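Encoded as structure tokens, the structure appears first; notes follow it.
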Amino acid sequence: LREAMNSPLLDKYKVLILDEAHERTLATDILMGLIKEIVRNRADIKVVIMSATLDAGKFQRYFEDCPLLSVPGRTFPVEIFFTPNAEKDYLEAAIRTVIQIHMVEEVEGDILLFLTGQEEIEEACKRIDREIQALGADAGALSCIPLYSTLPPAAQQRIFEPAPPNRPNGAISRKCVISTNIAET
RNA sequence: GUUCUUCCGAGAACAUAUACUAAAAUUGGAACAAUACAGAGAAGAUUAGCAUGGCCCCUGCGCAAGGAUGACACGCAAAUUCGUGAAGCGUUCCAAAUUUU
Ligand SMILES: [Mg+2]
Ligand SMILES: [Mg+2]
């Protein structure tokens, strides 16, 4: 967007590629419109709008029914789960969920819990620490790591830390990263 | 006033205090007749009665018997006095998802 404001037809460019279109950022929304305007005029320049989300081909219309290419490719399959009734206090549920997983799941792995913000990610750390201090020696060590966009560098760097070597009884120790949408994308 | 005295115009005896004192003038207290109008004790109703009480009477010779069982009684039915533990308070809140030039 900064280049176009000096050179409206993007004169240096032959093939554009507007990646990650799903994120729909103010930079991107402006671009797309001007770039469709460019697709008039500079009638030699290719445009390849990529999106990583499956989105309902609204992009396909917008650009004069341009051809849509679908490419699959995840790495592993994921299991999805729901609560059958609707819990009325989600943080009490989330905290309770973390403990439940820590105790019952036999597979090694870390827990990534999505909360709304620092008023909660700093509460959820504390309260989850309380119940693991209650569960004592049998349960594996759970390490609770907050993660939000304004943590200083040293506090962010924790997330790279590996789990304990687990307790001797075979109880799986785990890292629990509690994070806003910074862990989403 | 009437009977006696006489020197004669006075004397003596008898007789002794009635009457809400009115032909009045004033000033009160009871019961009558009845216009339009409704219903007179007893835990639904139809209804004998006998009591109880007292600054309420009437008829009755009356300690008999009657008057709506004479009437009234008919609710705010409030009268010697407390003992317990919680909670506001003594004046006082509420908070940053991601991120780009
Ligand atoms: Mg009766
Ligand atoms: Mg009678």
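In the structure tokens, chains take letters A, B, ... by order of appearance, with residues numbered from 1 within each chain and ligands from 1 in the order shown.
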Output as a ChimeraX atom specification the set of chain A residues within 8 Å of chain B, with distances taken over only C-alpha atoms (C1' of nucleotides).
/A:1-2,27,116-117,149,180-182
For the selection just defined, write its residues with N, CA, C and O atoms to a file, as a JSON list (two decimals), in the first residue's frame.
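The resulting part-v9.json:
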```json
[["chain", "number", "residue", "atom", "x", "y", "z"],
["A", 1, "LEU", "N", 0.82, -1.20, 0.00],
["A", 1, "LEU", "CA", 0.00, 0.00, 0.00],
["A", 1, "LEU", "C", 0.86, 1.26, 0.00],
["A", 1, "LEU", "O", 0.51, 2.25, -0.63],
["A", 2, "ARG", "N", 2.01, 1.22, 0.67],
["A", 2, "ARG", "CA", 2.93, 2.36, 0.67],
["A", 2, "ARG", "C", 3.58, 2.64, -0.66],
["A", 2, "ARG", "O", 3.95, 3.79, -0.91],
["A", 27, "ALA", "N", -5.07, -2.84, 5.43],
["A", 27, "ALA", "CA", -4.16, -2.81, 4.30],
["A", 27, "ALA", "C", -4.69, -3.67, 3.17],
["A", 27, "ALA", "O", -4.70, -3.25, 2.01],
["A", 116, "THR", "N", -9.70, -14.57, 27.10],
["A", 116, "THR", "CA", -10.01, -13.29, 26.51],
["A", 116, "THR", "C", -8.92, -12.26, 26.70],
["A", 116, "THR", "O", -8.84, -11.31, 25.91],
["A", 117, "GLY", "N", -8.07, -12.39, 27.72],
["A", 117, "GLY", "CA", -7.17, -11.30, 28.04],
["A", 117, "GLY", "C", -6.50, -11.46, 29.39],
["A", 117, "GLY", "O", -6.64, -12.48, 30.08],
["A", 149, "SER", "N", 0.11, -10.47, 24.12],
["A", 149, "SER", "CA", 0.95, -9.72, 23.19],
["A", 149, "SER", "C", 1.82, -8.66, 23.84],
["A", 149, "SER", "O", 2.75, -8.18, 23.18],
["A", 180, "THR", "N", -4.19, -15.45, 24.58],
["A", 180, "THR", "CA", -5.24, -14.81, 23.80],
["A", 180, "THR", "C", -5.17, -15.40, 22.39],
["A", 180, "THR", "O", -4.43, -16.34, 22.11],
["A", 181, "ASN", "N", -5.87, -14.79, 21.45],
["A", 181, "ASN", "CA", -5.70, -15.13, 20.05],
["A", 181, "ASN", "C", -4.30, -14.98, 19.46],
["A", 181, "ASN", "O", -4.12, -15.31, 18.29],
["A", 182, "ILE", "N", -3.29, -14.52, 20.21],
["A", 182, "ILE", "CA", -1.92, -14.53, 19.69],
["A", 182, "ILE", "C", -1.47, -15.94, 19.36],
["A", 182, "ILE", "O", -0.62, -16.13, 18.48]]
```
Sorted per-residue table, chain B near ligand 1, closest atoms and distance, 9 Å, only C-alpha atoms (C1' of nucleotides) and all ligand atoms, as CSV:
```
residue,atom,partner,partner_atom_place_in_ligand_line,distance
B:41,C1',ligand 1,1 (Mg),8.2
B:42,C1',ligand 1,1 (Mg),5.3
B:45,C1',ligand 1,1 (Mg),7.8
B:46,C1',ligand 1,1 (Mg),8.1
B:47,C1',ligand 1,1 (Mg),7.3
```
At most 10 Å is the cut-off: for each residue in chain B with any atom that close to an atom of ligand 2, write down the nearest atom pair and the distance in Å rounded to one decimal, counting only C-alpha atoms (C1' of nucleotides) and all ligand atoms, chain first then increasing number, as CSV.
```
residue,atom,partner,partner_atom_place_in_ligand_line,distance
B:49,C1',ligand 2,1 (Mg),9.5
B:66,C1',ligand 2,1 (Mg),7.6
B:67,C1',ligand 2,1 (Mg),6.6
B:68,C1',ligand 2,1 (Mg),6.2
B:69,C1',ligand 2,1 (Mg),6.2
B:70,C1',ligand 2,1 (Mg),7.5
```
Using DSSP assignments from the backbone, pull out every residue in chain A that falls under strand (DSSP E or B) and give it to me as a list in words.
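Taking chain A and keeping strand (DSSP E or B) gives residues 15, 16, 17, 18, 46, 47, 48, 49, 111, 112, 113, 114, 142, 143, 144, 145, 146, 147, 174, 175, 176, 177, 178 and 179 of chain A.
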Write the residues of the selection above to a file with C-alpha atoms, as a compact mmCIF listing (two decimals), in the first residue's frame.
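File part.txt, as written:
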```
# COMPACT_ATOMS: atom_id res chain seq x y z
CA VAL A 15 2.66 -10.80 -10.62
CA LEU A 16 1.06 -9.81 -7.32
CA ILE A 17 0.18 -12.34 -4.64
CA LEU A 18 -2.03 -11.13 -1.79
CA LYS A 46 -1.29 -11.05 -12.98
CA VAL A 47 -3.03 -11.23 -9.60
CA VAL A 48 -3.18 -14.36 -7.44
CA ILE A 49 -5.31 -13.82 -4.35
CA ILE A 111 -2.55 -27.76 26.72
CA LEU A 112 -3.29 -24.49 24.90
CA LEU A 113 -6.20 -22.64 26.49
CA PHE A 114 -7.74 -19.62 24.78
CA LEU A 142 1.92 -28.85 35.27
CA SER A 143 3.64 -25.64 34.25
CA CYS A 144 1.32 -22.75 33.51
CA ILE A 145 2.64 -20.18 31.04
CA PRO A 146 0.71 -16.96 30.31
CA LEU A 147 1.09 -15.59 26.78
CA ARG A 174 2.79 -30.93 30.85
CA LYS A 175 3.11 -27.29 29.91
CA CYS A 176 -0.14 -25.32 29.85
CA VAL A 177 0.05 -22.18 27.74
CA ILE A 178 -2.83 -19.81 28.40
CA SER A 179 -3.06 -17.30 25.61
```
Distance in Å - CA of residue 166 (chain A) versus CA of residue 138 (chain A)
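Value for the CA of residue 166 (chain A)-CA of residue 138 (chain A) distance: 10.9 Å.
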What is the distance, in Å and to one decimal place, between CA of residue 104 (chain A) and CA of residue 170 (chain A)?
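Between CA of residue 104 (chain A) and CA of residue 170 (chain A) the gap is 12.8 Å.
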Please measure the separation of CA of residue 108 (chain A) and CA of residue 172 (chain A), giving the value in Å to one decimal.
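Atom-to-atom, CA of residue 108 (chain A) to CA of residue 172 (chain A), that is 6.5 Å.
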Selection near residue 68 (chain A), 9 Å with only C-alpha atoms (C1' of nucleotides), sequence-local residues under 4 positions removed, as a PyMOL selection string:
chain A and resi 57+59-60
With a distance cut-off of 7 Å and only C-alpha atoms (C1' of nucleotides), select the neighbouring residues of region 84-100 of chain A, excluding the residue or stretch itself and same-chain residues fewer than 3 positions from it, and output the selection as a ChimeraX atom specification.
/A:103-104,124,128
Dump as a PDB file, in the first residue's frame, selection limited to N, CA and C atoms:
```pdb
ATOM      1  N   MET A 103      -5.106 -34.841  34.340  1.00  0.00           N
ATOM      2  CA  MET A 103      -5.224 -36.076  35.094  1.00  0.00           C
ATOM      3  C   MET A 103      -5.584 -37.289  34.256  1.00  0.00           C
ATOM      4  N   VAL A 104      -6.412 -37.148  33.228  1.00  0.00           N
ATOM      5  CA  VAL A 104      -6.956 -38.322  32.546  1.00  0.00           C
ATOM      6  C   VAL A 104      -6.256 -38.707  31.251  1.00  0.00           C
ATOM      7  N   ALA A 124      -6.376 -17.240  35.639  1.00  0.00           N
ATOM      8  CA  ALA A 124      -6.378 -18.660  35.301  1.00  0.00           C
ATOM      9  C   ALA A 124      -5.057 -19.329  35.621  1.00  0.00           C
ATOM     10  N   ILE A 128      -5.252 -22.347  38.518  1.00  0.00           N
ATOM     11  CA  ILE A 128      -4.765 -23.662  38.099  1.00  0.00           C
ATOM     12  C   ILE A 128      -3.556 -24.097  38.911  1.00  0.00           C
TER      13      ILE A 128
END
```
Which of region 1-163 of chain A fall in helix (DSSP H, G or I), as a VMD selection string
chain A and resid 21 to 23 26 to 39 58 to 62 90 to 104 118 to 138 153 to 160
Just write the chosen residues, C-alpha atoms, as a PDB file, in the first residue's frame.
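result10.pdb, written as the output of this step:
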```
ATOM      1  CA  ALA A  21      -6.570 -12.987   2.504  1.00  0.00           C
ATOM      2  CA  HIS A  22      -8.709 -14.401   5.329  1.00  0.00           C
ATOM      3  CA  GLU A  23      -7.185 -11.948   7.797  1.00  0.00           C
ATOM      4  CA  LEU A  26      -7.265  -2.675   6.442  1.00  0.00           C
ATOM      5  CA  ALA A  27      -4.159  -2.813   4.301  1.00  0.00           C
ATOM      6  CA  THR A  28      -5.556  -5.779   2.419  1.00  0.00           C
ATOM      7  CA  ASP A  29      -9.143  -4.541   1.916  1.00  0.00           C
ATOM      8  CA  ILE A  30      -7.906  -1.304   0.374  1.00  0.00           C
ATOM      9  CA  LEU A  31      -5.407  -3.102  -1.828  1.00  0.00           C
ATOM     10  CA  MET A  32      -7.901  -5.565  -3.297  1.00  0.00           C
ATOM     11  CA  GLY A  33     -10.143  -2.825  -4.553  1.00  0.00           C
ATOM     12  CA  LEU A  34      -7.347  -0.817  -6.094  1.00  0.00           C
ATOM     13  CA  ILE A  35      -5.841  -3.978  -7.481  1.00  0.00           C
ATOM     14  CA  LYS A  36      -9.088  -4.838  -9.200  1.00  0.00           C
ATOM     15  CA  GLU A  37      -8.998  -1.250 -10.428  1.00  0.00           C
ATOM     16  CA  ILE A  38      -5.430  -1.955 -11.577  1.00  0.00           C
ATOM     17  CA  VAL A  39      -6.690  -5.116 -13.315  1.00  0.00           C
ATOM     18  CA  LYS A  58     -16.778 -14.512  -2.196  1.00  0.00           C
ATOM     19  CA  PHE A  59     -13.329 -13.821  -3.576  1.00  0.00           C
ATOM     20  CA  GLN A  60     -14.317 -15.695  -6.715  1.00  0.00           C
ATOM     21  CA  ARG A  61     -17.236 -13.366  -7.409  1.00  0.00           C
ATOM     22  CA  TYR A  62     -15.503 -10.067  -6.491  1.00  0.00           C
ATOM     23  CA  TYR A  90     -16.591 -20.462  31.382  1.00  0.00           C
ATOM     24  CA  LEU A  91     -13.451 -19.660  33.339  1.00  0.00           C
ATOM     25  CA  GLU A  92     -14.514 -22.023  36.090  1.00  0.00           C
ATOM     26  CA  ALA A  93     -15.093 -24.504  33.280  1.00  0.00           C
ATOM     27  CA  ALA A  94     -11.815 -23.801  31.516  1.00  0.00           C
ATOM     28  CA  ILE A  95      -9.838 -24.116  34.734  1.00  0.00           C
ATOM     29  CA  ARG A  96     -11.759 -27.257  35.596  1.00  0.00           C
ATOM     30  CA  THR A  97     -11.180 -28.540  32.075  1.00  0.00           C
ATOM     31  CA  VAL A  98      -7.408 -28.040  32.296  1.00  0.00           C
ATOM     32  CA  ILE A  99      -7.189 -30.074  35.494  1.00  0.00           C
ATOM     33  CA  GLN A 100      -9.379 -32.829  34.100  1.00  0.00           C
ATOM     34  CA  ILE A 101      -7.185 -33.203  31.022  1.00  0.00           C
ATOM     35  CA  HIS A 102      -3.940 -33.175  33.018  1.00  0.00           C
ATOM     36  CA  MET A 103      -5.224 -36.076  35.094  1.00  0.00           C
ATOM     37  CA  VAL A 104      -6.956 -38.322  32.546  1.00  0.00           C
ATOM     38  CA  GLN A 118      -4.825 -10.477  30.862  1.00  0.00           C
ATOM     39  CA  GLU A 119      -7.440 -10.005  33.600  1.00  0.00           C
ATOM     40  CA  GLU A 120      -8.242 -13.712  32.993  1.00  0.00           C
ATOM     41  CA  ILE A 121      -4.986 -15.238  31.787  1.00  0.00           C
ATOM     42  CA  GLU A 122      -3.345 -14.023  34.986  1.00  0.00           C
ATOM     43  CA  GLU A 123      -6.230 -15.305  37.098  1.00  0.00           C
ATOM     44  CA  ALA A 124      -6.378 -18.660  35.301  1.00  0.00           C
ATOM     45  CA  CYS A 125      -2.677 -19.201  35.912  1.00  0.00           C
ATOM     46  CA  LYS A 126      -3.047 -18.638  39.625  1.00  0.00           C
ATOM     47  CA  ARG A 127      -6.114 -20.770  40.191  1.00  0.00           C
ATOM     48  CA  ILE A 128      -4.765 -23.662  38.099  1.00  0.00           C
ATOM     49  CA  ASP A 129      -1.617 -23.528  40.215  1.00  0.00           C
ATOM     50  CA  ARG A 130      -3.756 -23.945  43.311  1.00  0.00           C
ATOM     51  CA  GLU A 131      -5.396 -27.194  42.282  1.00  0.00           C
ATOM     52  CA  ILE A 132      -2.146 -28.782  41.088  1.00  0.00           C
ATOM     53  CA  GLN A 133      -0.654 -27.899  44.445  1.00  0.00           C
ATOM     54  CA  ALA A 134      -3.593 -29.825  45.915  1.00  0.00           C
ATOM     55  CA  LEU A 135      -3.229 -32.908  43.675  1.00  0.00           C
ATOM     56  CA  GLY A 136       0.272 -33.441  45.143  1.00  0.00           C
ATOM     57  CA  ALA A 137       2.862 -36.033  44.403  1.00  0.00           C
ATOM     58  CA  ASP A 138       0.923 -38.450  42.190  1.00  0.00           C
ATOM     59  CA  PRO A 153      10.468 -10.539  25.661  1.00  0.00           C
ATOM     60  CA  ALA A 154      11.824 -12.661  28.484  1.00  0.00           C
ATOM     61  CA  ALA A 155       8.323 -13.612  29.610  1.00  0.00           C
ATOM     62  CA  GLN A 156       7.338 -14.554  26.052  1.00  0.00           C
ATOM     63  CA  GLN A 157      10.413 -16.740  25.614  1.00  0.00           C
ATOM     64  CA  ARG A 158       9.095 -19.315  28.113  1.00  0.00           C
ATOM     65  CA  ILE A 159       6.851 -20.921  25.466  1.00  0.00           C
ATOM     66  CA  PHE A 160       9.936 -22.454  23.845  1.00  0.00           C
TER      67      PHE A 160
END
```
For residue 14 (chain B), which of B:26, B:35, B:1, B:81 is the closest residue, counting only C-alpha atoms (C1' of nucleotides)?
B:1
